[PDB]
Amino acid sequence: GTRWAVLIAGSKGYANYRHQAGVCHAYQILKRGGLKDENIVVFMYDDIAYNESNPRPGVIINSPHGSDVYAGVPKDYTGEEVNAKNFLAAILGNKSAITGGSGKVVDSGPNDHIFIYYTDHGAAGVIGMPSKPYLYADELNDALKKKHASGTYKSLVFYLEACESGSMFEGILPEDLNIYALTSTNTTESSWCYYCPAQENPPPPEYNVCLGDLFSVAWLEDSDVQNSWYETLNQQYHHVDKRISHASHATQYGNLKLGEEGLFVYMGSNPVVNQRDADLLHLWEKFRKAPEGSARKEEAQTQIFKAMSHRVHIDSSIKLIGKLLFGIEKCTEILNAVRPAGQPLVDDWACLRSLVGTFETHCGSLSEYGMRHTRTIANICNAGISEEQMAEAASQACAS
Amino acid sequence: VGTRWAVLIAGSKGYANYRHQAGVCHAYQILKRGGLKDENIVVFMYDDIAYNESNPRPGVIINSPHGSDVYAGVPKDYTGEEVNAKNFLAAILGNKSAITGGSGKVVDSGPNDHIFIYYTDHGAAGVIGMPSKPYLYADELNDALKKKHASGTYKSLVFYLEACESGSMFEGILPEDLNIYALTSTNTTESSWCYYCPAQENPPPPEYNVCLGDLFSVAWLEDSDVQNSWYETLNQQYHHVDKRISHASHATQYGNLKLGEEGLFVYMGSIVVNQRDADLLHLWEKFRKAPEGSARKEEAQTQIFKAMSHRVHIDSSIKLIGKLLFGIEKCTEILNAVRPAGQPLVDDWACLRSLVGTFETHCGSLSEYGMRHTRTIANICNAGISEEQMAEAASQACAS
């Protein structure tokens with residue numbers, strides 16, 4: 001049939017350069033592979049190529065000596081059109097549910113193949129969007145269940161780059177939907193950046209940012225060289241696992257039988273720094289390179305201070321709510337609860353959402369950094385704490 | 001030699017205006033083939049065509065019957081309401097601080113650089129449309145080109161303008177000493193014509209109920225597709241389009257005509273329908289093709305009725321204000337005033353704007369259709385009528 005692709009960078013801001021660089025790079029692979037622009041839905045906040053901080057205006061590179069990946073890339077949903085509702089509607093092929101953008105959706109048939117590539121921030125049971133609302137594991141897996149129920153694809157391959165990305169499918173994604181998922185990490189690990197100033201192969205001196213993410217750069221570089229007929233999904237999985245092992249465990253979910261299929265089926269044929277710290281890396285690089293006594297050094301220093309102030313505040317505030325809700329003693333610091341292997345993060349997702357909501361309305365936003373604490377709040381949710389109980393505990397811990 | 005830059009802008013929205021965006025995508029394919037880099041080509045297009053509910057070929061835009069797709073690969077710098085006068089003038093001037101939304105790409109050119117500007121849409125005497133108001137008047141535009149010249153950020157500039165009465169945008173305004181060469185689709189007073197229309201010589205495929213091109217646009221675009229850029233000069237291209245379009249309108253040259261001797265490679269690398277009636281042709285085509293007793297035929301019929309009602313209303317209302325303001329005698333109803341050759345449309349442009357403003361706030365909208373009557377209001381402006389006098393006359397004529 002037809003090979004379709006959905007490519008989505010779930011973040012914004014110059015520091016998140018890598019996520020959009022990865023989406024432009026995935027597009028160049030598919031275009032080279034023979035996929036038509038009408039079948040490739042691109043979601044990218046379009047704020048990198050002409051960012052005030054980009055040293056090469058109009059260009060986006062994914063490796064240090066890499067060529068431009070920005071030119072020729074389709075823009076279906078940019079800016080605030082990059083959102084959960086539009087992402088789920090593009091997957092489902094439902095144009096009536098789209099708001100803004102080109103209106104391109106995955107209006108596929110039963111002989112069609114779908115390749116979904118998502119790159120950004122994530123935490124336990126959640127993946128980011130450039131602005132809230134975020135996309136939780138239940139919300140996403142319900143959209144994939146509805147897609148399967150409509151019989152509008154043969155098989156679907158889902159590659160997800162985010163921290164704790166495993167938590168998006170573990171104990172949720174069934175092996176009977178003809179969906180194969182590949183996450184950058186397992187349920188609890190963090191993903192790492194690659195092509196970073198303070199790292200192995202560094203970007204040109206002009207760059208203060210990571211050009212790639214390790215898992216993304218692994219499969220993208222693997223797809224650039226190794227032949228699509230020559231290679232299977234299982235082979236690619238093993239090539240990325242080999243390159244990424246020290247940092248994370250790329251994990252396979254769903255129908256692993258699909259791993260035996262070739263990459264050409266979905267992609268056509270051609271012929272270290274922690275992701276959660278990468279924002280600070282950038283401010284430190286900005287600071288370090290800046291001349292002494294300059295406004296740029298004074299600005300960078302104050303940015304580091306502001307970022308540190310928010311990180312310290314959020315961490316101390318969650319740490320409080322947990323002691324304030326149960327006690328400090330024996331068997332009372334279950335915020336470090338480890339969910340057993342193969343179980344979903346939470347049972348009542350609507351409750352996890354309400355508990356994250358009450359924290360935010362009392363203690364401040366979990367809007368990028370805070371996202372890391374989604375597991376702590378899930379353990380609070382699983383402990384049986386209600387929205388009433390949570391808001392009460394939060395109210396005291398964030399008393400000004 | 002320096003860098004070759006381009007600005008491509010479709011000044012309209014709506015499926016009926018298919019042709020303006022088709023022309024912009026076609027101009028981009030010419031420049032890409034010619035060797036121009038995406039980072040030097042600033043594209044303004046509404047982007048409501050490729051996935052319009054009415055487009056019979058979703059994801060494709062064609063600029064001629066039997067023509068291939070011209071939409072894939074096209075950059076999208078400013079789409080939707082980012083397609084506006086302020087952003088268009090800011091992209092020309094290379095001033096990113098004055099841009100609102102979009103990629104942020106501007107013409108940040110140097111003194112050895114060449115600029116090619118192509119605008120296609122609706123126009124009237126001294127005005128060119130934007131997908132929504134405010135419209136761009138001849139003084140506003142020529143002031144932006146004067147400021148661009150004053151900054152010494154180009155060697156020479158070519159401006160191709162497709163709109164009705166397009167010559168009125170430069171006549172008596174565009175100086176011959178700015179190193180600017182302009183080519184308009186028509187005279188100061190003529191109308192431009194569509195081409196590749198359902199009711200015409202070479203018709204679009206039966207699925208299309210809209211004009212695929214504009215005579216002037218299709219002329220120079222098709223001329224640029226075949227004839228070699230080193231082989232051809234601006235004067236030669238002008239003569240090729242004049243030969244092809246003569247019966248419809250007079251392509252007119254403005255500014256420094258000495259630049260006509262330069263080759264196209266310098267800037268670009270190496271029985272008919274009236275534009276003012278094209279909207280109606282579409283409604284009539286929709287109606288004619290629709291099966292009898294169907295909701296589509298009932299809908300198309302009511303659309304024709306609504307459009308006719310507004311046209312009749314606006315024409316009768318301006319016709320009134322003119323008689324109401326001076327009288328019916330042959331010396332008094334002189335709003336058929338012919339501006340002497342080489343003189344600007346008006347002297348007080350701020351007054352022309354205020355007079356168009358007062359008409360609109362008392363009678364209907366002077367948008368796509370109403371735009372026609374700008375010359376009538378300019379003649380009223382030139383006659384010495386004030387905003388007080390205009391609003392008074394308008395107030396009585398639209399009591400009906």
# chains A, B, ... in the order shown; residues from 1 in each chain; ligands from 1

$ interface_residues --of "chain A" --to "chain B" --cutoff "7 Å" --atoms "only C-alpha atoms" --output "PyMOL selection string"
chain A and resi 37-38+46-47+50+58+71-72+74-75+102-104

$ select_by_dssp --residues "segment 5-104 of chain A" --states "strand (DSSP E)" --output "number ranges by chain"
A: 5-9, 40-43

$ residues_around --residues "segment 163-176 of chain B" --least-positions-apart "4" --cutoff "8 Å" --atoms "only C-alpha atoms" --output "PyMOL selection string"
chain B and resi 120-128+137-139+142+180+182+184-192+252+254-257+275+342-345

$ write_last_selection --atoms "N, CA, C and O atoms" --output "short mmCIF file (atom, residue, chain, number, x, y, z; two decimals), in the first residue's frame"
data_model
loop_
_atom_site.label_atom_id
_atom_site.label_comp_id
_atom_site.auth_asym_id
_atom_site.auth_seq_id
_atom_site.Cartn_x
_atom_site.Cartn_y
_atom_site.Cartn_z
N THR B 120 1.32 37.93 -6.00
CA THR B 120 0.12 37.55 -6.81
C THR B 120 -1.14 37.49 -5.94
O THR B 120 -1.10 36.92 -4.85
N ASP B 121 -2.22 38.14 -6.39
CA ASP B 121 -3.50 38.24 -5.67
C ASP B 121 -4.36 39.23 -6.36
O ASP B 121 -4.24 39.43 -7.56
N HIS B 122 -5.21 39.90 -5.58
CA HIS B 122 -6.15 40.94 -5.96
C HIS B 122 -5.53 42.31 -5.74
O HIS B 122 -4.65 42.53 -4.91
N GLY B 123 -6.01 43.23 -6.50
CA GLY B 123 -5.57 44.59 -6.39
C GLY B 123 -6.62 45.48 -6.99
O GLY B 123 -7.56 45.01 -7.64
N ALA B 124 -6.45 46.77 -6.74
CA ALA B 124 -7.27 47.82 -7.28
C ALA B 124 -6.33 49.01 -7.37
O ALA B 124 -5.13 48.87 -7.13
N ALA B 125 -6.86 50.17 -7.75
CA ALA B 125 -6.06 51.37 -7.88
C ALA B 125 -5.43 51.74 -6.56
O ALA B 125 -6.14 51.97 -5.59
N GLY B 126 -4.10 51.70 -6.52
CA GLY B 126 -3.25 52.05 -5.39
C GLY B 126 -3.24 51.10 -4.22
O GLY B 126 -2.71 51.45 -3.16
N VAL B 127 -3.79 49.87 -4.39
CA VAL B 127 -3.91 48.89 -3.29
C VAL B 127 -3.77 47.46 -3.78
O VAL B 127 -4.20 47.13 -4.89
N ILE B 128 -3.12 46.62 -2.98
CA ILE B 128 -3.00 45.18 -3.19
C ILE B 128 -3.53 44.49 -1.91
O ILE B 128 -3.38 45.01 -0.78
N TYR B 137 -1.23 49.63 0.41
CA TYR B 137 -1.38 50.76 -0.51
C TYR B 137 -0.06 51.10 -1.15
O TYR B 137 0.99 50.81 -0.59
N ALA B 138 -0.09 51.72 -2.34
CA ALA B 138 1.11 52.08 -3.11
C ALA B 138 2.15 52.92 -2.34
O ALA B 138 3.35 52.69 -2.52
N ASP B 139 1.72 53.85 -1.48
CA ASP B 139 2.63 54.68 -0.70
C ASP B 139 3.36 53.89 0.36
O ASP B 139 4.57 54.04 0.49
N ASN B 142 5.96 51.56 -1.50
CA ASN B 142 7.05 52.33 -2.07
C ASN B 142 7.93 52.99 -1.01
O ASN B 142 9.12 53.18 -1.26
N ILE B 180 15.69 49.51 -8.84
CA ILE B 180 14.50 48.66 -8.78
C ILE B 180 13.86 48.67 -10.15
O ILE B 180 13.69 49.74 -10.76
N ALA B 182 10.37 47.06 -11.91
CA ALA B 182 9.08 46.44 -11.62
C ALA B 182 8.38 46.02 -12.88
O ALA B 182 8.50 46.67 -13.91
N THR B 184 4.48 44.82 -13.80
CA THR B 184 3.10 44.64 -13.38
C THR B 184 2.34 43.87 -14.46
O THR B 184 2.67 43.98 -15.65
N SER B 185 1.31 43.10 -14.04
CA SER B 185 0.45 42.30 -14.92
C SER B 185 -0.40 43.18 -15.84
O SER B 185 -0.67 42.82 -17.00
N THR B 186 -0.82 44.35 -15.34
CA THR B 186 -1.66 45.31 -16.06
C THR B 186 -1.12 46.74 -15.98
O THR B 186 -0.12 47.02 -15.31
N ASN B 187 -1.86 47.65 -16.62
CA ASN B 187 -1.79 49.12 -16.69
C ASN B 187 -2.21 49.65 -15.31
O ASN B 187 -2.57 48.88 -14.43
N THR B 188 -2.33 50.97 -15.21
CA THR B 188 -2.87 51.68 -14.07
C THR B 188 -4.38 51.41 -13.92
O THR B 188 -4.88 51.43 -12.80
N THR B 189 -5.11 51.13 -15.03
CA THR B 189 -6.58 51.00 -15.03
C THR B 189 -7.17 49.62 -15.44
O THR B 189 -8.33 49.33 -15.10
N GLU B 190 -6.43 48.80 -16.18
CA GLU B 190 -6.91 47.48 -16.63
C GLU B 190 -7.07 46.45 -15.50
O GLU B 190 -6.50 46.58 -14.41
N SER B 191 -7.76 45.36 -15.86
CA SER B 191 -7.98 44.17 -15.08
C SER B 191 -7.12 43.06 -15.62
O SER B 191 -6.86 43.02 -16.81
N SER B 192 -6.66 42.16 -14.74
CA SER B 192 -5.88 40.99 -15.13
C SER B 192 -6.84 39.83 -15.31
O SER B 192 -7.94 39.83 -14.75
N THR B 252 3.36 46.14 -17.73
CA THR B 252 4.05 47.42 -17.73
C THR B 252 5.30 47.37 -16.89
O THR B 252 5.29 46.80 -15.81
N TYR B 254 8.29 49.48 -14.80
CA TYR B 254 8.47 50.66 -13.96
C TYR B 254 9.85 50.66 -13.38
O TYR B 254 10.51 49.62 -13.37
N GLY B 255 10.26 51.83 -12.89
CA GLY B 255 11.57 52.04 -12.28
C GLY B 255 12.66 52.21 -13.30
O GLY B 255 12.45 52.87 -14.31
N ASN B 256 13.83 51.64 -13.01
CA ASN B 256 15.02 51.66 -13.86
C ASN B 256 14.87 50.56 -14.93
O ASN B 256 15.08 49.38 -14.66
N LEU B 257 14.50 50.97 -16.15
CA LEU B 257 14.29 50.07 -17.29
C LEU B 257 15.62 49.60 -17.91
O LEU B 257 15.62 48.73 -18.79
N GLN B 275 -10.28 38.35 -13.29
CA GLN B 275 -9.91 38.06 -11.90
C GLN B 275 -11.01 38.47 -10.91
O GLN B 275 -11.32 37.72 -9.98
N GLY B 342 1.75 59.31 -15.73
CA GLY B 342 2.92 59.50 -14.89
C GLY B 342 2.72 60.21 -13.57
O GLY B 342 3.71 60.54 -12.90
N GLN B 343 1.45 60.47 -13.19
CA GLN B 343 1.07 61.08 -11.91
C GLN B 343 0.59 59.99 -10.94
O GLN B 343 0.04 58.98 -11.40
N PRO B 344 0.79 60.13 -9.60
CA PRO B 344 0.32 59.07 -8.67
C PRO B 344 -1.19 59.04 -8.61
O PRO B 344 -1.82 60.00 -9.06
N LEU B 345 -1.79 57.96 -8.09
CA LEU B 345 -3.25 57.84 -8.00
C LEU B 345 -3.87 58.97 -7.19
O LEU B 345 -4.89 59.54 -7.57
#

$ atom_distance --atom1 "atom CA of residue 259 of chain A" --atom2 "atom CA of residue 179 of chain A"
10.3 Å

$ closest_residue --among "A:135, A:24, A:193, A:69" --to "residue 122 of chain A" --atoms "only C-alpha atoms"
A:135

$ residues_around --residues "residue 351 of chain A" --least-positions-apart "3" --cutoff "8 Å" --atoms "only C-alpha atoms" --output "mmCIF file with C-alpha atoms, in the first residue's frame"
data_model
loop_
_atom_site.group_PDB
_atom_site.id
_atom_site.type_symbol
_atom_site.label_atom_id
_atom_site.label_comp_id
_atom_site.auth_asym_id
_atom_site.auth_seq_id
_atom_site.Cartn_x
_atom_site.Cartn_y
_atom_site.Cartn_z
ATOM 1 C CA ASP A 348 -6.432 5.454 37.939
ATOM 2 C CA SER A 354 -5.853 15.426 39.168
ATOM 3 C CA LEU A 355 -2.975 14.988 41.695
ATOM 4 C CA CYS A 381 -1.836 8.119 43.633
ATOM 5 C CA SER A 386 -7.245 11.596 47.058
ATOM 6 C CA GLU A 387 -7.355 15.033 45.298
#

$ select_by_dssp --residues "segment 58-302 of chain B" --states "helix (DSSP H, G or I)" --output "MDAnalysis selection string"
chainID B and resid 80:82 85:93 96:98 138:150 166:169 215:226 234:245 257:261 265:268 278:289 295:302

$ atom_distance --atom1 "atom CA of residue 1 of chain B" --atom2 "atom CA of residue 70 of chain A"
25.4 Å

$ residues_around --residues "segment 352-364 of chain B" --least-positions-apart "4" --cutoff "7 Å" --atoms "only C-alpha atoms" --output "NGL selection string"
:B and (314 or 348 or 377-378 or 381 or 387 or 390-391 or 394-395 or 398)

$ write_last_selection --atoms "N, CA and C atoms" --output "PDB file, in the first residue's frame"
ATOM      1  N   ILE B 314     -23.141  46.806  -2.985  1.00  0.00           N
ATOM      2  CA  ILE B 314     -21.910  47.610  -2.948  1.00  0.00           C
ATOM      3  C   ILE B 314     -21.822  48.574  -4.140  1.00  0.00           C
ATOM      4  N   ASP B 348      -2.878  62.676  -1.127  1.00  0.00           N
ATOM      5  CA  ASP B 348      -3.035  62.368   0.289  1.00  0.00           C
ATOM      6  C   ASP B 348      -3.580  60.945   0.460  1.00  0.00           C
ATOM      7  N   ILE B 377     -13.221  56.099  -5.018  1.00  0.00           N
ATOM      8  CA  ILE B 377     -12.940  56.793  -3.767  1.00  0.00           C
ATOM      9  C   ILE B 377     -11.675  57.689  -3.889  1.00  0.00           C
ATOM     10  N   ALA B 378     -10.699  57.314  -4.750  1.00  0.00           N
ATOM     11  CA  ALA B 378      -9.499  58.137  -4.952  1.00  0.00           C
ATOM     12  C   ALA B 378      -9.861  59.431  -5.695  1.00  0.00           C
ATOM     13  N   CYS B 381     -11.437  61.589  -3.234  1.00  0.00           N
ATOM     14  CA  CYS B 381     -10.328  62.119  -2.427  1.00  0.00           C
ATOM     15  C   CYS B 381      -9.672  63.333  -3.158  1.00  0.00           C
ATOM     16  N   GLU B 387     -13.238  63.577   5.149  1.00  0.00           N
ATOM     17  CA  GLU B 387     -13.743  62.427   5.904  1.00  0.00           C
ATOM     18  C   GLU B 387     -15.140  62.747   6.473  1.00  0.00           C
ATOM     19  N   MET B 390     -17.561  62.772   3.346  1.00  0.00           N
ATOM     20  CA  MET B 390     -17.713  61.381   2.900  1.00  0.00           C
ATOM     21  C   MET B 390     -18.699  60.600   3.798  1.00  0.00           C
ATOM     22  N   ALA B 391     -18.428  60.554   5.124  1.00  0.00           N
ATOM     23  CA  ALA B 391     -19.256  59.877   6.125  1.00  0.00           C
ATOM     24  C   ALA B 391     -20.714  60.354   6.076  1.00  0.00           C
ATOM     25  N   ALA B 394     -22.197  58.897   2.769  1.00  0.00           N
ATOM     26  CA  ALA B 394     -22.303  57.449   2.965  1.00  0.00           C
ATOM     27  C   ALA B 394     -23.483  57.100   3.871  1.00  0.00           C
ATOM     28  N   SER B 395     -23.625  57.833   4.997  1.00  0.00           N
ATOM     29  CA  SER B 395     -24.677  57.664   6.002  1.00  0.00           C
ATOM     30  C   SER B 395     -26.081  57.616   5.408  1.00  0.00           C
ATOM     31  N   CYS B 398     -26.689  54.451   2.592  1.00  0.00           N
ATOM     32  CA  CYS B 398     -26.826  53.118   3.172  1.00  0.00           C
ATOM     33  C   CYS B 398     -27.787  53.075   4.349  1.00  0.00           C
TER      34      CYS B 398
END

$ residues_around --residues "segment 301-318 of chain A" --least-positions-apart "3" --cutoff "8 Å" --atoms "only C-alpha atoms" --output "list in words"
residues 280, 283, 284, 287, 297, 298, 321, 322, 363, 364, 366, 369, 370, 373, 397 and 398 of chain A

$ atom_distance --atom1 "atom CA of residue 141 of chain A" --atom2 "atom CA of residue 156 of chain A"
12.9 Å

$ closest_residue --among "B:9, B:42, B:197, B:245" --to "residue 281 of chain B" --atoms "only C-alpha atoms"
B:197

$ residues_around --residues "residue 356 of chain A" --least-positions-apart "6" --cutoff "9 Å" --atoms "only C-alpha atoms" --output "ChimeraX atom specification"
/A:366,374,377-378

$ write_last_selection --atoms "N, CA, C and O atoms" --output "JSON list (two decimals), in the first residue's frame"
[["chain", "number", "residue", "atom", "x", "y", "z"],
["A", 366, "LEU", "N", 5.05, 22.00, 36.90],
["A", 366, "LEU", "CA", 5.82, 20.78, 36.62],
["A", 366, "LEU", "C", 5.93, 20.72, 35.07],
["A", 366, "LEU", "O", 5.83, 19.65, 34.46],
["A", 374, "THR", "N", 6.66, 12.94, 38.07],
["A", 374, "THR", "CA", 5.38, 12.28, 37.75],
["A", 374, "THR", "C", 5.31, 10.90, 38.40],
["A", 374, "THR", "O", 4.21, 10.44, 38.75],
["A", 377, "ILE", "N", 4.38, 11.39, 42.25],
["A", 377, "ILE", "CA", 2.95, 11.64, 42.34],
["A", 377, "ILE", "C", 2.14, 10.37, 41.98],
["A", 377, "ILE", "O", 1.05, 10.18, 42.52],
["A", 378, "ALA", "N", 2.68, 9.50, 41.10],
["A", 378, "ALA", "CA", 1.99, 8.25, 40.75],
["A", 378, "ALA", "C", 1.99, 7.30, 41.96],
["A", 378, "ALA", "O", 0.98, 6.66, 42.25]]

$ closest_residue --among "A:350, A:41, A:123, A:320" --to "residue 399 of chain A" --atoms "only C-alpha atoms"
A:320

$ closest_residue --among "A:177, A:341, A:42, A:114" --to "residue 82 of chain A" --atoms "only C-alpha atoms"
A:42
